[PDB]
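*Asks:* Here it is, the structure, as structure tokens.
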RNA sequence: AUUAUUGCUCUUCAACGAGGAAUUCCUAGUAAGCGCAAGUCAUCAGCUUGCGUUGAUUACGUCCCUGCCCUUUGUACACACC
RNA sequence: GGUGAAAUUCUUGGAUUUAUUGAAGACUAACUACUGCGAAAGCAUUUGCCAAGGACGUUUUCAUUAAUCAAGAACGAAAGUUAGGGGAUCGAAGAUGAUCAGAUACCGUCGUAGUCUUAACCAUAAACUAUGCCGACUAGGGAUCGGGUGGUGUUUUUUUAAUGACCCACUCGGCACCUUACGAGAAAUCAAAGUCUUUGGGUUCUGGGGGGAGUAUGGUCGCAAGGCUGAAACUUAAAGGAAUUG
Ligand SMILES: [Mg+2]
Ligand SMILES: [Mg+2]
Ligand SMILES: [Mg+2]
Ligand SMILES: [Mg+2]
Ligand SMILES: [Mg+2]
Ligand SMILES: [Mg+2]
Ligand SMILES: [Mg+2]
Ligand SMILES: [Mg+2]
Ligand SMILES: [Mg+2]
Ligand SMILES: [Mg+2]
Ligand SMILES: [Mg+2]
Ligand SMILES: [Mg+2]
Ligand SMILES: [Mg+2]
Ligand SMILES: [Mg+2]
Ligand SMILES: [Mg+2]
Ligand SMILES: [Mg+2]
Ligand SMILES: [Mg+2]
Ligand SMILES: [Mg+2]
Ligand SMILES: [Mg+2]
Ligand SMILES: [Zn+2]
């Protein structure tokens, strides 16, 4: 896939991982 | 009806997309010294005689 | 010699406008654009159509009594194409060939100091 | 690899010029890269010259042709206006014709 | 089943004092009726005629003129000066590549008080024998010329209304005066007054308006 | 020899009044009209392969349509756009 | 009206067109160029004010005061965020008309945020010449920008000048192009990417097969979006560059 869509791909992914981890803070 | 007679001076070449049309310069026999280029229909060689149904008009390129 | 008025042909794409008015402009006469004389809706701007419209336009011109006219030719202009439409050339011819009179014509196409971003965005109209 | 020393077109010692909109597709494009053409053509045309002076007043008048600049987007400049395409060394020719 | 043509009144336009001919053209209004007659209704609209049609000479082919109507008497309506323009073809012509364009203007009043803004346009010219292909000015050059033209233009106006001003512009008096002061700076071909417009007119003053009529 | 191989005689006397959109072939002894020999064949040519007879009109051109070649150009294809 | 073609749409509410005149916000057309300037981002209407700069000129002044730079710091397109203003235009979103087998799109209509500005943030772009800075040396050519020098050059006439523009030759410093290549390179090409196995002028920075991955983790900056710093296990024989023929 296009580089810049792959960038936006993992950007989303990092936010959700950031999200989920906060539950356990 | 003002009939006008003109003799073919030269064969310029084929116009028209299909190409069945020829560009030709002519000289009128009545009152010579002026030449107009006309678009023909049939086959044409030099020294033919074209009857121009209208004396002053001309054309150049066809599609 | 004659009686003078203004022609003012607006020739765009997809239609063509020809309407004569009094030299002051406040009082006009006989519009009949090109979309009036045929409906294919794709043919509205055609040179053939503008001719037929220039026919009916020159008609009422004399039937009123303007015997002569000055033309101001016009395109869409503004932020638009700025180039004269197809049916403005036929129109001028067909209103000259009507036996009417012509003199001193110019271009009124609006041309900006440019501003006001053109439509279609940065990547252009793409098809 | 790099296929032009001019890169796209005509910019050295500047780094930013300002964009113009293409007269066809309305695409933005830098002015240095623009591919510009002056359009100079009569208000009248091939056929309408005779029928003009005929029914017109004045002694042959003026005949003041229209002038405007044209800017193309290189997609449109290739699709219609001056493009063709050129061989490796035909590209290097900047001669107008 | 109406046909306003069988209704509408007719008229004929009379030009101001000094150009060539005061006869201009015709117009259509309406019958003059009680409760919205033909008089106070329209009248004072404007007419744009080339002054070469007005003067008759073709060296004047450009330079359009605006004539605003003011008063009317007996199928005769007299007009006055609403402004002056240029033909698009001429300007689009005068502007050529490989050379510098210079414009300037000023807002200025007059005796009989008419406020107006006149413009000016001038292009640099090559000098005979010049080898280099462009001939551009020095931008210090440009500032000075703009100043001088501004200097010159401010003086010519405010002399005697637009009346003498009209008389001033027609045989290009200013155009040369520019050219005279200019030549000490840069060569400069063309140099016309291009546009002049009006914004604030004074009170009607029926008397002074008739000074141009006879 | 019935579902009738072919031939002959009498009788029966259909559609078809020049064929919509489309589309084939062709430049001189050619096109088209016309029959004949040979192949096949015990019998069966409305087919084909050749043959001669009668014998035109119209081009003698172009790139508009269609087909294919050629450069130029781009390519991440080389089992090569299936 | 709009398009390849159409349709949603607008039209007794006189649309589209014309005319006179007014309002609002944005932009700066043509002139505009292998032309200028700035550290870079970037900078094009006028005029006034405010401070700043390179090049040049220089028989002026100080006299090594410098080169380059981890840390640290100023500026930093577009979008985006906070709070006012502004909100003409074009227009992420959304809603529609169409096209399509489908069409969450391309084309058309409406149009929220936005686009502008003030006060604050944010620090990223193919932020590109994909090419560190200072110094030296090595080769030919005609244009052009700025400064300067040379003139019984041309043109401007007034009475010759003085000027101003222009011509020719030189010289500094510019933005670039042309031809060569001694030389260099894997080649494309390159007055540097040259003066490198005949390998050393000074100095800063980065890379060490491909994926995994700019991911995980810690720190830190941020209102947020996110920025900076930044691994491993595991997997894999290629991935990649330039050029040749198909
Ligand atoms: Mg919880
Ligand atoms: Mg396309
Ligand atoms: Mg490539
Ligand atoms: Mg560029
Ligand atoms: Mg940049
Ligand atoms: Mg038949
Ligand atoms: Mg047989
Ligand atoms: Mg068979
Ligand atoms: Mg290749
Ligand atoms: Mg401007
Ligand atoms: Mg808005
Ligand atoms: Mg949507
Ligand atoms: Mg849909
Ligand atoms: Mg969607
Ligand atoms: Mg970066
Ligand atoms: Mg770049
Ligand atoms: Mg050199
Ligand atoms: Mg000197
Ligand atoms: Mg070589
Ligand atoms: Zn385009």
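Chains as they are written, first to last, in the entry's author numbering: chain AO, 1 to 25; chain d, 5 to 67; chain P, 11 to 137; chain b, 2 to 98; chain C, 20 to 233.
Positions of the beta carbon are idealized from the N, C-alpha and C atoms, including for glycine.
If we ignore side chains and look at the alpha-carbon of each, how far apart do residue 81(C) and residue 55(P) end up?
*Replies:* The residue labelled residue 81(C) in the question sits at position 62 within the fifth chain. The residue labelled residue 55(P) in the question sits at position 45 within the third chain. Using only the alpha carbons, I get a separation of about 31 Å.
*Asks:* Strictly below 7 Å CB to CB, what residues from chain P border residue 31(b)?
*Replies:* Translated into the one-based positions of the fourth chain, residue 31(b) becomes position 30. Correct list: empty, because the minimum Cβ distance to chain P is about 12 Å.
*Asks:* How would you list, in chain order, the residues of chain P whose beta-carbon sits under 7 Å from the beta-carbon of residue 69(b)?
*Replies:* Counting from 1 along the fourth chain, the entry for residue 69(b) is found at position 68. Within 7 Å Cβ-Cβ: 92.
*Asks:* Residues of the region 42-71 of chain b with a CB closer than 9 Å to any CB of chain C: list them in chain order, please.
*Replies:* Within the region 42-71 of chain b, the qualifying residues are 44, 59, 60, 62, 63, 65, 66, 67, 68, 69.
*Asks:* So residue 80(P) is in the alpha helix (DSSP H); what residue range does that whole segment cover?
*Replies:* Taking the third chain and counting its residues from 1, one reaches residue 80(P) at position 70. First-last for residue 80(P): 78-80, but that is the beta strand (DSSP E), not the alpha helix (DSSP H).
*Asks:* Can you tell which of 101(C), 44(C), 35(C), 177(C) has the C-alpha that lies nearest to the C-alpha of residue 214(C)?
*Replies:* Position 195 of the fifth chain, counting from 1, holds the residue named residue 214(C). Comparing Cα-Cα distances from residue 214(C) to each of 101(C), 44(C), 35(C), 177(C), the minimum goes to 101(C).
*Asks:* For the region 34-51 of chain C, list every residue whose C-beta sits within 8 Å of some C-beta in chain P, in sequence order.
*Replies:* Going along the region 34-51 of chain C in chain order, one finds 43, 44, 45, 46, 47, 48 with a Cβ nearer than 8 Å to chain P.
*Asks:* Whose Cβ in chain b lies nearer than 8 Å to the Cβ of residue 111(C)?
*Replies:* Numbered from its first residue, the fifth chain carries residue 111(C) at position 92. Per Cβ cutoff of 8 Å: 67, 68, 69.
*Asks:* Quick one: which unbroken beta strand (DSSP E) runs of 3-plus residues sit fully inside the region 11-88 of chain b? Chain order, please.
*Replies:* Listed in chain order, they are 20-22, 29-31, 37-42, 67-72.
*Asks:* Looking at the C-beta of residue 65(P), does it have a partner C-beta in chain b at a distance below 9 Å?
*Replies:* Looking up residue 65(P) in the third chain gives position 55. For residue 65(P), the answer is no, since every Cβ of chain b falls outside 9 Å of its Cβ.
*Asks:* Beta carbon of residue 109(C), beta carbon of residue 206(C): below 9 Å?
*Replies:* As a working mapping, residue 109(C) is identified with position 90 in the fifth chain. As a working mapping, residue 206(C) is identified with position 187 in the fifth chain. No.
*Asks:* Whole-angstrom Cβ separation of residue 19(P) and residue 81(P), contact assumed at under 8 Å?
*Replies:* The count along the third chain starts at 1 and reaches residue 19(P) at position 9. The count along the third chain starts at 1 and reaches residue 81(P) at position 71. Their Cβ separation, rounded to whole angstroms, is 6 Å, which keeps residue 19(P) and residue 81(P) in contact under 8 Å.
*Asks:* By the criterion of Cβ-Cβ separation under 9 Å, what are the contact partners of residue 86(b) in chain P?
*Replies:* Taking the fourth chain and counting its residues from 1, the one referred to as residue 86(b) is at position 85. Going along chain P, no residue has its Cβ under 9 Å from residue 86(b), so there is no contact; the nearest lies around 21 Å.
*Asks:* Give a single yes or no on whether residue 23(AO) has its beta carbon closer than 8 Å to a heavy atom of ligand 1.
*Replies:* Here the question's residue 23(AO) lines up with position 23 in the first chain. Yes.
*Asks:* State yes or no: is the C-beta of residue 123(P) nearer than 8 Å to some heavy atom of ligand 10?
*Replies:* Locating residue 123(P) in the third chain gives position 113, counting from the first residue. Within the cutoff, so yes.
*Asks:* Check for me: the beta strand (DSSP E) holding residue 160(C) runs from which residue to which?
*Replies:* Taking the first residue of the fifth chain as 1, we reach residue 160(C) at position 141. Careful: residue 160(C) lies outside any beta strand (DSSP E), inside the alpha helix (DSSP H) at 159-175.
*Asks:* Kindly list, in the order they appear in chain b, the residues whose Cβ is closer than 7 Å to that of residue 80(C).
*Replies:* Counting from one through the fifth chain, the residue named residue 80(C) turns up at place 61. By Cβ distance, chain b contributes 63.
*Asks:* Check the Cβ of residue 88(P) against every Cβ in chain b and list those closer than 7 Å, keeping chain order.
*Replies:* Within the third chain, residue 88(P) is the residue found at index 78, counting from 1. Simply none; closest approach about 12 Å.
*Asks:* Alpha carbons only, please: which of 32(P), 35(P), 28(P), 38(P) is nearest the one belonging to residue 46(P)?
*Replies:* Here the question's residue 46(P) lines up with position 36 in the third chain. Checking every option, the nearest Cα to that of residue 46(P) belongs to 28(P).
*Asks:* Between residue 56(C) and residue 91(C), is the Cβ-Cβ spacing less than 9 Å?
*Replies:* Residue numbering aside, residue 56(C) sits at position 37 when the fifth chain is read from its first letter. Residue numbering aside, residue 91(C) sits at position 72 when the fifth chain is read from its first letter. Not a contact, by the Cβ cut-off of 9 Å.
*Asks:* Using 9 Å as the threshold, is the C-beta distance between residue 43(P) and residue 32(P) below it?
*Replies:* In the third chain, residue 43(P) corresponds to position 33, counting from 1. In the third chain, residue 32(P) corresponds to position 22, counting from 1. The answer is no: Cβ separation not under 9 Å.
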